[PDB]
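A.B. asks: Sharing a structure with you now.
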Amino acid sequence: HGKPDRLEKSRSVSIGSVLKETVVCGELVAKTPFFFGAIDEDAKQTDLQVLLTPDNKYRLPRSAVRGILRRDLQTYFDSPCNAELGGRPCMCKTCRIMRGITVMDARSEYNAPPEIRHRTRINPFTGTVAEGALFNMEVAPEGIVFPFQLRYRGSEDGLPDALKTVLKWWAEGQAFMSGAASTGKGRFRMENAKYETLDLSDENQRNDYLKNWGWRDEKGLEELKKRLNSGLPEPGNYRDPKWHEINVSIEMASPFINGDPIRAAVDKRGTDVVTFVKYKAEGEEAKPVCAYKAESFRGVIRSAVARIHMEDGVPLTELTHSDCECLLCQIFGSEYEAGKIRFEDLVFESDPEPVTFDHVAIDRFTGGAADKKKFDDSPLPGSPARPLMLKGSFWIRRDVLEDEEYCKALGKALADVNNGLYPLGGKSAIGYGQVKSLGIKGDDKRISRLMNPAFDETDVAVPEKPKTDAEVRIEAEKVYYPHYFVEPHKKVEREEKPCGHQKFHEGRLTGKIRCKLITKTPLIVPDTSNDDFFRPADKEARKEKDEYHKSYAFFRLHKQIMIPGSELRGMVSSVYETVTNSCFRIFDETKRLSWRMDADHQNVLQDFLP
Amino acid sequence: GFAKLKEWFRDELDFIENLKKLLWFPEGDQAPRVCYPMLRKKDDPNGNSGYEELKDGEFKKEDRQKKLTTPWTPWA
Amino acid sequence: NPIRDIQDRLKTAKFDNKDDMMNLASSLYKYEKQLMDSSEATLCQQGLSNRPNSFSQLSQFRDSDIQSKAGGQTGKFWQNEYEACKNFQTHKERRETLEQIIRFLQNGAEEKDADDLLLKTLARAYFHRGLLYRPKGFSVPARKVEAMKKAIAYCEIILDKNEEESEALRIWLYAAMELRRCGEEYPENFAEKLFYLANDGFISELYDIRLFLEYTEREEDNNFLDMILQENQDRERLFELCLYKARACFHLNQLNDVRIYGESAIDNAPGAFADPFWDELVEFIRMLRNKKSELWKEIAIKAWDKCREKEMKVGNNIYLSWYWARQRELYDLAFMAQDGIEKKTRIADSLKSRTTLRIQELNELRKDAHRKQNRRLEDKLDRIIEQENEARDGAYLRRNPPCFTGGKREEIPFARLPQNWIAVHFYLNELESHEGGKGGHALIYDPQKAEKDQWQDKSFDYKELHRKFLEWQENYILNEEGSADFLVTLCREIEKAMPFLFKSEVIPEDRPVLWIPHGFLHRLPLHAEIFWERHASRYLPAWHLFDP
RNA sequence: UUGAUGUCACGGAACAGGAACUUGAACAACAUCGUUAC
């Protein structure tokens with residue numbers, strides 16, 4: 001808490017007879033969902049709350065603005081203060097400015113409930129989520145305005161140089177106020193600035209200032225807002241900000257999904273898994289937009305870095321990162337030191353509506369459906385004709401770009417993401433986010449000089465196909481059957497420790513194969529979104545429920561003939577697990593059978609006593 | 001890859017012969033008529049001894065899991 | 001590997017003894033704890049062999065336990081976990097294991113069915129975590145204080161039902177004795193619990209000798225004073241035992257036996273200044289001084305003589321230090337007790353310009369040396385870092401001090417000055433200026449006068465000069481025309497506070513004077529009555545920087 | 001519910017670390033129901 005000193009000294013300082021009070025008014029708008037920690041008790045469902053007003057209005061506290069001003073002033077001068085909460089006042093350059101600044105609060109009148117996000121933690125050995133590692137966090141929307149007033153009472157001719165430079169940084173759009181800045185929380189922008197310098201050194205202006213208690217109340221502020229001059233003062237010594245912004249663009253060809261189970265449980269559509277949407281405030285009402293989260297992109301890039309670098313034998317994914325100095329623990333921060341890269345959300349450059357895709361699970365024995373289960377999903381549609389762009393930006397700081405090894409690590413990771421590995425999104429086993437083209441601009445070719453494609457040149461044609469030998473004796477006038485089960489062997493070669501996705505191993509292979517399919521008999525792959533495709537015109541549409549004659553069509557994505565990846569995965573999986581003599585990978589182990597009994601058999605009906 | 005299949009199963013690759021017999025495609029001038037039987041014999045104009053004349057005959061209850069494992073066996 | 005053990009314990013489970021059931025519960029807990037974090041043993045994807053028998057046994061174990069939830073399972077498992085955590089290597093793994101224990105068993109201690117073993121081991125985990133907190137602000141961190149307070153709260157939860165425990169009472173007293181030396185106040189019930197412990201006796205450790213000595217000095221009893229004198233030698237920490245024996249033999253008036261134990265205790269002091277031994281040494285000296293004894297002079301001088309050799313040489317001209325926050329006090333106590341003037345100015349020169357740094361800048365320097373691919377700065381800074389961070393658990397479990405010597409800095413002799421120069425050394429005492437003493441001293445050396453009186457010592461007050469200097473400094477950076485007469489009143493204060501500089505027998509009339517200042521006298525506005533027109537004045541920060 | 005001759009608390013950013021991920025061909029042939037007669 002405290003400890004004031006009570007045996008210090010007594011002094012007497014004369015501070016001249018000049019006094020000037022400068023007012024800077026305006027507003028500041030949110031460009032990203034912000035966060036202000038107010039984690040209170042008696043509510044343990046969500047473990048990261050936000051600060052709200054007793055009538056549920058988002059407020060921006062005074063202490064946060066004051067702390068951010070102190071941090072930016074200690075950034076301008078390249079010397080941090082070493083005060084220790086006691087004794088006589090500090091006489092350095094930063095506190096001597098902070099001793100004459102007055103700010104106010106804000107309310108924003110929006111009063112809509114905040115939105116809850118979820119975060120997990122992925123096991124880098126099996127690829128799935130870890131055990132019991134799941135936590136939520138409620139965030140505030142985007143586009144919320146706050147009024148802004150700042151008074152400086154000093155002895156100089158207007159504001160100092162440091163305050164003019166810091167206000168220029170805040171007008172550029174680099175006012176990183178609060179929150180979890182590592183995942184791209186509140187980044188505000190100061191708009192409509194106005195400034196006015198009073199003169200308390202004379203006698204008439206001092207009396208006119210004392211006559212109205214300053215201009216602190218609301219009527220005094222509405223009277224003062226008619227004597228303000230537009231535009232901020234120009235600084236004398238513009239130093240520089242220390243956060244660079246570099247833009248990213250990603251797009252190739254495939255559908256996209258980013259899971260959200262609670263929205264799937266509430267949504268009107270009713271599908272099993274849907275994508276992620278976010279709201280933005282339009283003054284009073286909110287509007288939804290589909291996006292790619294910031295936590296997911298941060299995790300993907302962190303995993304692409306952590307799987308390459310050796311760190312004396314044991315790779316960076318097998319460490320614990322608690323109290324260590326690693327390469328991943330320096331760029332991406334730890335729980336002892338803050339990070340250095342701030343990611344952001346990614347929007348889709350259009351209004352792509354989601355489609356619906358159905359799937360079923362085919363039994364191995366008696367190949368039919370599973371226990372009558374159809375499961376569907378609602379991804380965003382992307383095709384080789386409509387590539388579904390993704391535009392975004394992320395921030396790094398100055399001393400990371402000046403180094404040589406950090407840019408090397410980031411270039412290696414982004415070159416591995418650009419080539420096709422590390423697919424973004426959800427169900428990548430059936431081709432979601434399949435390929436990429438990652439373009440990064442705004443760093444003066446410091447990182448994007450390792451993301452150049454290099455390839456070899458063998459010119460060797462794939463070795464021919466062999467001629468078969470298994471032949472059958474087929475005659476005429478003898479009608480056959482279409483089923484013919486295949487009796488398997490009795491020994492299955494199991495193993496309890498599979499490889500693990502922790503790194504790229506030594507004697508293993510990684511890459512991709514390009515194929516070429518050709519049909520020899522008519523092919524049917526249906527498009528089950530609507531049933532009355534071949535229905536004639538000029539009649540009734542359909543009643544609420546009848547049993548008509550269903551009529552499907554062929555599968556199309558953007559008026560373009562395609563075959564999904566699930567079909568090919570299923571057929572190649574069936575042949576592959578028949579060859580190696582594997583288990584019945586999908587089966588219905590329950591559901592006892594039942595048979596009718598015959599009347600001729602009088603030996604079984606001789607002991608069914610009444 | 002083939003050598004690995006020689007390490008587990010030594011010389012009992014007799015589920016690969018049937019798999020190669022079931023993926024066979026009619027090369028040419030061969031029209032193997034396949035279809036499913038009818039229920040009775042009085043409801044198909046060909047007279048092919050439907051499902052109720054096979055349960056007491058070739059496809060008996062004891063010889064049924066032998067004529068359903070050989071790859072191309074003639075039903076009728 | 002952790003799934004075959006469950007089946008090995010499930011094979012011979014007898015469901016009647018309290019050893020096989022405990023082993024089964026331990027195996028289940030270890031498998032679950034292996035799953036909670038993501039280790040390399042998560043790739044094992046097998047199961048149990050005999051399904052129906054194992055299902056019957058596991059359902060009978062989860063069903064024949066709910067009537068016996070007496071806390072016998074989790075308490076013993078976490079007890080053995082902490083017991084394995086105590087005997088570890090370097091502090092990193094000890095810290096991580098302690099925070100994992102604290103995180104896992106903090107929930108099960110908030111109900112009425114709270115075991116004594118569970119609360120005892122939770123309080124011990126809090127107390128042992130409270131010792132491993134690296135400071136970074138020239139002051140003690142608040143998390144250490146609140147770890148001590150939480151340990152006290154849980155040991156009070158236990159001792160509210162019983163009266164004597166002889167295990168939780170010792171944790172309570174350890175936490176109080178740790179709160180005392182962190183600048184805090186004793187808890188309100190210290191005397192009663194100290195009297196409950198003193199009425200049992202039987203010390204068997206090293207902490208309990210300190211608790212008993214505190215009790216006998218609190219109530220003036222001579223019961224345990226002879227029992228703590230027959231302890232065995234050749235233990236793991238000899239110096240602390242010799243210090244305790246000296247403090248004991250002091251209370252029964254055994255002189256010429258306190259000095260020998262003190263001298264044998266000084267010689268084997270640990271190399272780290274964070275060890276909980278130097279603080280007790282300064283407390284012993286402070287207690288010897290204000291009892292109007294005369295024994296404290298020898299101990300203070302010997303402690304300074306063996307404390308100076310703890311520096312670190314990293315190059316050919318510079319040195320490093322440690323900052324243990326009581327060095328000023330020990331140096332002032334060694335200055336107040338030394339009578340020879342040349343020895344007093346040899347004392348005053350060891351407090352001059354040094355490199356007393358803290359942890360964060362040493363970390364910066366280590367990363368700087370690893371930036372320039374150096375190798376003589378990753379084995380000399382490494383010793384400092386991994387030595388002063390390992391001596392935090394010094395009296396709980398610790399072993400011999402793992403360090404080495406510090407070398408010997410060569411001393412420049414006072415006979416290197418020319419015959420015309422006059423040397424002046426300044427020192428600002430703080431211990432005797434906190435009382436009504438006459439502040440600081442000046443030491444004048446004339447190297448061409450008689451040998452029997454070659455040194456003069458003068459004393460003066462320095463509070464009002466400090467106030468005048470502060471007023472001028474505060475008026476200098478907020479004005480430049482209203483800071484004109486503050487300079488002249490500061491110069492008059494200089495001429496008034498130390499009036500012996502304007503004499504004739506000391507500082508003869510026209511000889512060049514060499515000033516060596518200390519403290520806030522380095523920043524005096526002595527630019528141009530004053531001696532900057534008659535005597536040849538020149539500065540020097542310390543006397544070991546005198547080349548010609 | 002304060003006490004007077006002495007309050008820099010506008011002297012202090014609730015901040016810092018965690019990929020809603022993994023598994024699934026929109027596919028398909030044999031019956032259903034019980035009693036009659038000596």
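Residues in the structure tokens are numbered from 1 in each chain, the chains being A, B, ... in the order shown, and ligands are numbered from 1 in the order shown.
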Using only C-alpha atoms (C1' of nucleotides), which residues sit within 7 Å of residue 138 in chain A once same-chain residues fewer than 2 positions away are excluded, as a PyMOL selection string?
C.D. replies: chain A and resi 48-50+114-117+136
A.B. asks: Can you tell me, as a VMD selection string, what residues are no more than 12 Å from range 182-187 of chain C when counting only C-alpha atoms (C1' of nucleotides), ignoring any on the same chain fewer than 6 positions away?
C.D. replies: (chain A and resid 3) or (chain C and resid 130 to 131 139 to 146 148 to 149 152 to 153 156 172 to 176 193 to 194 276 279 325)
A.B. asks: Would you mind listing what lies within 10 Å of residue 243 in chain C as a CSV table (one decimal) with N, CA and C atoms, in the first residue's frame, with only C-alpha atoms (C1' of nucleotides) counted and same-chain residues fewer than 6 positions away left out?
C.D. replies:
```csv
chain,number,residue,atom,x,y,z
C,258,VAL,N,33.0,-16.5,24.0
C,258,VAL,CA,32.1,-15.9,23.0
C,258,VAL,C,33.0,-15.5,21.8
C,261,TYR,N,34.2,-18.7,19.6
C,261,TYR,CA,33.2,-19.2,18.8
C,261,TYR,C,32.9,-18.2,17.7
C,262,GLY,N,32.9,-16.9,18.0
C,262,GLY,CA,32.6,-15.9,16.9
C,262,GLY,C,33.7,-15.9,15.8
C,263,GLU,N,34.9,-16.0,16.2
C,263,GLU,CA,36.0,-16.1,15.2
C,263,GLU,C,36.0,-17.3,14.4
C,264,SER,N,35.6,-18.5,15.1
C,264,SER,CA,35.5,-19.7,14.3
C,264,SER,C,34.2,-19.7,13.4
C,265,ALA,N,33.2,-18.9,13.7
C,265,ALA,CA,32.0,-18.8,12.9
C,265,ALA,C,32.2,-17.8,11.7
C,266,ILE,N,33.1,-16.8,11.9
C,266,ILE,CA,33.2,-15.9,10.8
C,266,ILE,C,34.0,-16.5,9.6
C,277,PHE,N,22.4,-15.8,7.0
C,277,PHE,CA,23.4,-15.8,8.1
C,277,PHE,C,24.0,-14.4,8.4
C,280,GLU,N,21.7,-12.4,10.7
C,280,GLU,CA,21.8,-12.7,12.1
C,280,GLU,C,23.1,-12.3,12.7
C,281,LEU,N,24.2,-12.2,11.9
C,281,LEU,CA,25.4,-11.6,12.3
C,281,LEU,C,25.3,-10.2,12.7
C,284,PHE,N,23.4,-9.8,15.9
C,284,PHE,CA,24.2,-10.2,17.0
C,284,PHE,C,25.1,-9.0,17.4
```
A.B. asks: Quick one: everything within 9 Å of residue 11 in chain D, counting only C-alpha atoms (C1' of nucleotides), minus sequence neighbours fewer than 4 positions away in the same chain. Send it as an MDAnalysis selection string.
C.D. replies: chainID A and resid 83:86 89
A.B. asks: Store the residues picked out above, limited to N, CA, C and O atoms, as a PDB file, in the first residue's frame.
C.D. replies:
```
ATOM      1  N   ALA A  83      10.886   5.666  -9.204  1.00  0.00           N
ATOM      2  CA  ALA A  83      10.259   6.090  -7.963  1.00  0.00           C
ATOM      3  C   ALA A  83       9.858   4.873  -7.141  1.00  0.00           C
ATOM      4  O   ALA A  83       9.715   3.769  -7.668  1.00  0.00           O
ATOM      5  N   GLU A  84       9.692   5.075  -5.833  1.00  0.00           N
ATOM      6  CA  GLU A  84       9.436   3.947  -4.944  1.00  0.00           C
ATOM      7  C   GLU A  84       8.310   4.213  -3.949  1.00  0.00           C
ATOM      8  O   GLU A  84       8.316   3.657  -2.850  1.00  0.00           O
ATOM      9  N   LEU A  85       7.336   5.041  -4.314  1.00  0.00           N
ATOM     10  CA  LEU A  85       6.134   5.268  -3.508  1.00  0.00           C
ATOM     11  C   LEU A  85       6.470   5.727  -2.089  1.00  0.00           C
ATOM     12  O   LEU A  85       6.160   5.063  -1.103  1.00  0.00           O
ATOM     13  N   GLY A  86       7.098   6.884  -1.996  1.00  0.00           N
ATOM     14  CA  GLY A  86       7.344   7.489  -0.705  1.00  0.00           C
ATOM     15  C   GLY A  86       8.342   8.614  -0.815  1.00  0.00           C
ATOM     16  O   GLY A  86       9.054   8.756  -1.806  1.00  0.00           O
ATOM     17  N   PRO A  89       8.684  14.465  -3.728  1.00  0.00           N
ATOM     18  CA  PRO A  89       8.327  14.216  -5.126  1.00  0.00           C
ATOM     19  C   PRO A  89       9.540  13.962  -6.003  1.00  0.00           C
ATOM     20  O   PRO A  89      10.640  14.453  -5.746  1.00  0.00           O
TER      21      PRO A  89
END
```
A.B. asks: Please check the contacts: residues of chain C at most 6 Å away from chain A, using only C-alpha atoms, listed as a VMD selection string.
C.D. replies: chain C and resid 36 43 to 46 471 475
A.B. asks: Fewer than 4 positions away in the same chain doesn't count, so skip those; otherwise give me all residues within 12 Å of residue 53 in chain B, counting only C-alpha atoms (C1' of nucleotides), as a list in words.
C.D. replies: residues 37, 38, 39, 40, 41, 42, 47, 48, 49, 57, 58, 59, 60, 75 and 76 of chain B
A.B. asks: Return as JSON lines the residues of chain A lying at most 8 Å from chain D, together with the closest atom-to-atom pair for each and the distance in Å to one decimal, counting only C-alpha atoms (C1' of nucleotides), with rows in chain order and ascending residue number.
C.D. replies:
```
{"residue": "A:37", "atom": "CA", "partner": "D:14", "partner_atom": "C1'", "distance": 5.7}
{"residue": "A:38", "atom": "CA", "partner": "D:14", "partner_atom": "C1'", "distance": 7.2}
{"residue": "A:63", "atom": "CA", "partner": "D:13", "partner_atom": "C1'", "distance": 6.9}
{"residue": "A:64", "atom": "CA", "partner": "D:13", "partner_atom": "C1'", "distance": 4.7}
{"residue": "A:65", "atom": "CA", "partner": "D:13", "partner_atom": "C1'", "distance": 7.5}
{"residue": "A:66", "atom": "CA", "partner": "D:13", "partner_atom": "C1'", "distance": 7.7}
{"residue": "A:67", "atom": "CA", "partner": "D:13", "partner_atom": "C1'", "distance": 4.7}
{"residue": "A:68", "atom": "CA", "partner": "D:13", "partner_atom": "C1'", "distance": 6.1}
{"residue": "A:85", "atom": "CA", "partner": "D:11", "partner_atom": "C1'", "distance": 6.1}
{"residue": "A:86", "atom": "CA", "partner": "D:11", "partner_atom": "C1'", "distance": 7.8}
{"residue": "A:88", "atom": "CA", "partner": "D:8", "partner_atom": "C1'", "distance": 7.9}
{"residue": "A:89", "atom": "CA", "partner": "D:8", "partner_atom": "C1'", "distance": 6.3}
{"residue": "A:99", "atom": "CA", "partner": "D:10", "partner_atom": "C1'", "distance": 7.5}
{"residue": "A:101", "atom": "CA", "partner": "D:10", "partner_atom": "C1'", "distance": 7.0}
{"residue": "A:102", "atom": "CA", "partner": "D:10", "partner_atom": "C1'", "distance": 6.2}
{"residue": "A:103", "atom": "CA", "partner": "D:10", "partner_atom": "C1'", "distance": 7.9}
{"residue": "A:118", "atom": "CA", "partner": "D:20", "partner_atom": "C1'", "distance": 7.4}
{"residue": "A:119", "atom": "CA", "partner": "D:20", "partner_atom": "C1'", "distance": 7.1}
{"residue": "A:120", "atom": "CA", "partner": "D:20", "partner_atom": "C1'", "distance": 6.5}
{"residue": "A:121", "atom": "CA", "partner": "D:18", "partner_atom": "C1'", "distance": 5.1}
{"residue": "A:122", "atom": "CA", "partner": "D:19", "partner_atom": "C1'", "distance": 6.6}
{"residue": "A:127", "atom": "CA", "partner": "D:21", "partner_atom": "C1'", "distance": 7.1}
{"residue": "A:128", "atom": "CA", "partner": "D:21", "partner_atom": "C1'", "distance": 5.0}
{"residue": "A:129", "atom": "CA", "partner": "D:21", "partner_atom": "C1'", "distance": 5.5}
{"residue": "A:178", "atom": "CA", "partner": "D:13", "partner_atom": "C1'", "distance": 7.0}
{"residue": "A:258", "atom": "CA", "partner": "D:20", "partner_atom": "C1'", "distance": 7.9}
{"residue": "A:259", "atom": "CA", "partner": "D:20", "partner_atom": "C1'", "distance": 5.7}
{"residue": "A:260", "atom": "CA", "partner": "D:20", "partner_atom": "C1'", "distance": 6.6}
{"residue": "A:261", "atom": "CA", "partner": "D:20", "partner_atom": "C1'", "distance": 7.8}
{"residue": "A:295", "atom": "CA", "partner": "D:19", "partner_atom": "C1'", "distance": 6.9}
{"residue": "A:296", "atom": "CA", "partner": "D:19", "partner_atom": "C1'", "distance": 4.4}
{"residue": "A:297", "atom": "CA", "partner": "D:19", "partner_atom": "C1'", "distance": 7.0}
{"residue": "A:298", "atom": "CA", "partner": "D:19", "partner_atom": "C1'", "distance": 7.4}
{"residue": "A:299", "atom": "CA", "partner": "D:19", "partner_atom": "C1'", "distance": 4.5}
{"residue": "A:300", "atom": "CA", "partner": "D:19", "partner_atom": "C1'", "distance": 5.6}
{"residue": "A:333", "atom": "CA", "partner": "D:17", "partner_atom": "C1'", "distance": 6.8}
{"residue": "A:334", "atom": "CA", "partner": "D:17", "partner_atom": "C1'", "distance": 4.5}
{"residue": "A:335", "atom": "CA", "partner": "D:17", "partner_atom": "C1'", "distance": 4.6}
{"residue": "A:336", "atom": "CA", "partner": "D:16", "partner_atom": "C1'", "distance": 6.3}
{"residue": "A:337", "atom": "CA", "partner": "D:16", "partner_atom": "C1'", "distance": 6.4}
{"residue": "A:338", "atom": "CA", "partner": "D:16", "partner_atom": "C1'", "distance": 5.8}
{"residue": "A:358", "atom": "CA", "partner": "D:26", "partner_atom": "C1'", "distance": 6.8}
{"residue": "A:359", "atom": "CA", "partner": "D:26", "partner_atom": "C1'", "distance": 5.9}
{"residue": "A:360", "atom": "CA", "partner": "D:26", "partner_atom": "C1'", "distance": 5.6}
{"residue": "A:361", "atom": "CA", "partner": "D:24", "partner_atom": "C1'", "distance": 4.8}
{"residue": "A:362", "atom": "CA", "partner": "D:27", "partner_atom": "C1'", "distance": 6.5}
{"residue": "A:367", "atom": "CA", "partner": "D:28", "partner_atom": "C1'", "distance": 7.2}
{"residue": "A:368", "atom": "CA", "partner": "D:27", "partner_atom": "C1'", "distance": 5.0}
{"residue": "A:369", "atom": "CA", "partner": "D:27", "partner_atom": "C1'", "distance": 5.4}
{"residue": "A:374", "atom": "CA", "partner": "D:26", "partner_atom": "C1'", "distance": 7.6}
{"residue": "A:426", "atom": "CA", "partner": "D:21", "partner_atom": "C1'", "distance": 7.4}
{"residue": "A:526", "atom": "CA", "partner": "D:26", "partner_atom": "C1'", "distance": 7.9}
{"residue": "A:528", "atom": "CA", "partner": "D:26", "partner_atom": "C1'", "distance": 7.5}
{"residue": "A:566", "atom": "CA", "partner": "D:25", "partner_atom": "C1'", "distance": 6.2}
{"residue": "A:567", "atom": "CA", "partner": "D:25", "partner_atom": "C1'", "distance": 4.1}
{"residue": "A:568", "atom": "CA", "partner": "D:25", "partner_atom": "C1'", "distance": 6.9}
{"residue": "A:569", "atom": "CA", "partner": "D:25", "partner_atom": "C1'", "distance": 7.2}
{"residue": "A:570", "atom": "CA", "partner": "D:25", "partner_atom": "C1'", "distance": 4.5}
{"residue": "A:571", "atom": "CA", "partner": "D:25", "partner_atom": "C1'", "distance": 6.1}
```
